[PDB]
Structures are given as C-alpha cells and as structure tokens.
Amino acid sequence: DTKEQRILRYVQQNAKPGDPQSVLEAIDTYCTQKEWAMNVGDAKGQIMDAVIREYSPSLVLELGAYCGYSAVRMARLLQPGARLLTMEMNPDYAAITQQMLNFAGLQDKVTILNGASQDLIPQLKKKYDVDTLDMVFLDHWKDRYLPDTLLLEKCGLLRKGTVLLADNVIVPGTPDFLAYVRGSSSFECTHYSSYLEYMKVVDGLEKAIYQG
Ligand SMILES: C[S@@+](CC[C@H](N)C(=O)[O-])C[C@H]1O[C@@H](n2cnc3c(N)ncnc32)[C@H](O)[C@@H]1O
Ligand SMILES: O=c1cc(-c2ccccc2)c2ccc(O)c(O)c2o1
Ligand SMILES: [Mg+2]
C-alpha cells in the first residue's frame with residue numbers, strides 16, 4: 001500500500017462519483033488532515049481556476065499528473081470539446097491519475113501520456129494531432145521547466161498568446177526558468193503570489209504568455 005493509492009482509496013470512499021468538485025475536496029482534506037502530498041493544492045488551485053476561466057483554452061498540456069488532482073481541477077472547467085493532455089513518467093502515478101479522472105467523470109476530457117515529457121513533447125503533433133497549445137501547466141521536476149519550455153518552442157507547440165503557467169516558482173524554486181521567462185522579450189510575465197500546499201510558506205505561480 002502506497003501513499004498515492006491511499007489517496008485514491010480515500011476519494012473512492014469519500015467523494016461523490018462523477019462530481020469533480022467533491023473529488024478535489026476529498027484530496028484536499030486527506031492531504032491537509034493526514035498526509036502531505038505534492039498536489040498543487042486549493043489556494044493555488046483557486047488561482048488556476050481563475051486563469052483557466054479567463055482564457056478558456058481548447059487545448060491544455062499538463063506536465064506532471066501525480067494522483068490527478070490538478071488535472072481534475074482544470075478539466076472540470078473546460079468547455080465542451082476542449083481537451084487536456086497530461087504527461088506523467090511514473091506509471092504507478094499515471095495509473096492512479098486514470099482511476100481518479102475516471103471517478104470524477106472527466107476521462108473523456110483527459111488523455112494521459114505515460115512517459116517523460118522530454119521524450120513525449122516531440123511526439124505531440126504526430127501522435128496526438130496537436131497544432132499549438134493554448135495553455136501549458138508546468139508542475140513536474142523543477143529542473144525540467146526551462147528545457148521543456150525551450151523544447152515546446154522548438155517543436156512549434158507555442159502560439160502567440162499561449163499561456164504557460166508554472167507552479168513552485170518560489171518553492172522549491174525554478175530560478176533558471178523564471179530568469180529566462182522574465183528576461184526574454186518573447187514571454188510576458190505576471191506573478192501570482194500564494195502559499196505552498198497544506199503549509200503557509202510563500203510560493204507562487206508564474207504566468208508566462210508567449211509573444212512569438
Ligand atoms: C508535483 S507532482 C504533480 C502534481 C500535479 N500537477 C497536481 O497538482 O496534482 C510531479 C509529477 O511529475 C512527474 N514528473 C517528474 N518529471 C517528469 C517528466 N520529465 N515528465 C513527465 N512527468 C514527470 C513525477 O512523476 C510526479 O508525479
Ligand atoms: O519535484 C517536486 C518536488 C517537491 C518537493 C521538494 C522537496 C520536499 C517535498 C516536495 C514539490 C513540492 C510541491 C509541489 O507543488 C511540486 O510540484 C513539487 O515538485
Ligand atoms: Mg507544484
């Protein structure tokens with residue numbers, strides 16, 4: 001028995017099936033009252049809701065799924081026919097995320113790509129019929145934010161107005177990505193201050209909007 005499948009079980013025992021909001025709240029209390037996990041969490045969760053409502057993206061790419069919390073968070077707010085793609089390298093995690101999405105009712109909105117983003121991003125246009133992404137959520141290993149951003153730009157996945165939204169920009173930190181995105185005239189940035197999940201340490205999301 002694994003921390004993640006401990007969470008999956010809590011959800012299946014406590015959330016109302018087919019109800020995304022309920023699933024989220026089961027995850028948040030489980031992680032607030034018993035075991036800490038690295039889900040984006042509710043406080044930054046609300047920021048993400050707001051940004052997605054604003055842009056209403058047709059096509060979203062998530063880097064790093066884990067137990068499915070942020071994928072459920074985002075897919076619940078997508079319009080009919082909009083699509084989330086989520087990359088997860090750990091198959092135990094990609095298996096839980098599927099079960100979590102399934103429970104929430106969101107499996108028709110969300111495609112799990114099992115693998116490592118560096119390998120999967122170049123396969124995106126060919127194997128998944130992607131022209132450009134409207135939004136990208138970055139929440140995988142922190143040393144991967146910049147290289148995957150440069151890789152998305154390289155494979156032609158970014159479009160004038162594509163929104164990159166980055167978790168953990170302060171804690172644990174992604175200094176090279178922040179420096180690159182703020183300094184670059186090809187990305188318009190706004191910082192949205194908040195607090196780490198389940199603990200009030202100051203983290204934040206960076207939104208970085210691709211300029212071409
Ligand atoms: C911080 S957790 C993601 C949490 C999720 N975004 C949420 O809010 O619920 C990070 C995940 O990224 C996965 N990961 C790390 N590096 C990756 C990579 N290069 N490609 C795909 N997945 C990766 C890890 O296996 C881990 O499950
Ligand atoms: O790779 C990590 C590693 C951590 C992490 C680093 C040190 C201790 C615990 C978690 C992490 C935390 C919160 C979070 O939202 C993340 O996306 C994280 O990603
Ligand atoms: Mg995070």
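Scope of the values below: all heavy atoms of this structure, side chains included, with no hydrogens, waters or symmetry mates. In listed order, ligands and their atoms are each counted from 1. If you read the sequence from its start, that first residue is 1, and numbering goes on from there.
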Should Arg73 and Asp42 count as an ion pair when the cut-off is N to O under 4.0 Å?
yes

Neighbour list for ligand 1 [protein residues, heavy atom under 4.0 Å]:
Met38, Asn39, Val40, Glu62, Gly64, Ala65, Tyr66, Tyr69, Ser70, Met87, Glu88, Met89, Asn90, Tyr93, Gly115, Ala116, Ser117, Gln118, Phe137, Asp139, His140, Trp141, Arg144

Apply side-chain contact (heavy atoms from CB on, under 4.5 Å) to the pair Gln5 and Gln99, showing each step before the final yes or no.
CA-CA 10 Å; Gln5 57 181 153; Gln99 291 167 288; over 6 Å; no

Residue set satisfying ring pair (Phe, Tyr, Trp, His ring centres under 6.0 Å) with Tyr93, at least two apart, ordered chain then number -> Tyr66

Restricting to non-hydrogen atoms, name the atom on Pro57 and the atom on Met135 that form the minimum distance, rounded to 0.1 Å.
CG-CE, 3.6 Å

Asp139/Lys142 salt bridge by N-O under 4.0 Å criterion:
yes

Side-chain (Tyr145) to main-chain (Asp167) donor-acceptor, under 3.5 angstrom
yes

Taking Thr162 for the side chain and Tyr210 for the main chain, is one N or O donor matched with an acceptor at less than 3.5 Å?
no

Is a donor on one side and an acceptor on the other found under 3.5 Å between the side chain of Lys3 and the backbone of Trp36?
yes

Is the number of heavy atoms from other residues, nucleotides or ligands under 6.0 Å of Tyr195 OH greater than 12?
no

Take atom NZ of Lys125 as the centre, draw a 6.0 Å sphere, and report whether it contains more than 12 heavy atoms from other residues, nucleotides or ligands.
yes

Would you kindly say whether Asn102 and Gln98 are connected by a side-chain donor-acceptor distance under 3.5 Å?
yes

Cluster overlap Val202 with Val40, hydrophobic side-chain contacts below 4.5 Å
no

Anything under 3.5 Å between an N or O on ligand 2 and a protein N or O? List each pair with its distance, or write none.
unit_1: ligand 2; atom_1: 15 (O); unit_2: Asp167; atom_2: OD2; d: 3.2
unit_1: ligand 2; atom_1: 15 (O); unit_2: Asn168; atom_2: OD1; d: 3.0
unit_1: ligand 2; atom_1: 15 (O); unit_2: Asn168; atom_2: ND2; d: 3.0
unit_1: ligand 2; atom_1: 15 (O); unit_2: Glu197; atom_2: OE1; d: 3.3
unit_1: ligand 2; atom_1: 15 (O); unit_2: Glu197; atom_2: OE2; d: 2.7
unit_1: ligand 2; atom_1: 17 (O); unit_2: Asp139; atom_2: OD1; d: 2.6
unit_1: ligand 2; atom_1: 17 (O); unit_2: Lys142; atom_2: NZ; d: 2.6
unit_1: ligand 2; atom_1: 17 (O); unit_2: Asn168; atom_2: OD1; d: 2.6
unit_1: ligand 2; atom_1: 19 (O); unit_2: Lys142; atom_2: NZ; d: 3.3

Near the Mg ion (ligand 3), which protein N/O/S atoms fall under 2.8 Å?
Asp139 OD1, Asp167 OD2, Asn168 OD1

Minimal heavy-atom distance between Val72 and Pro20, with the atoms involved, is CG1-O, 3.8 Å

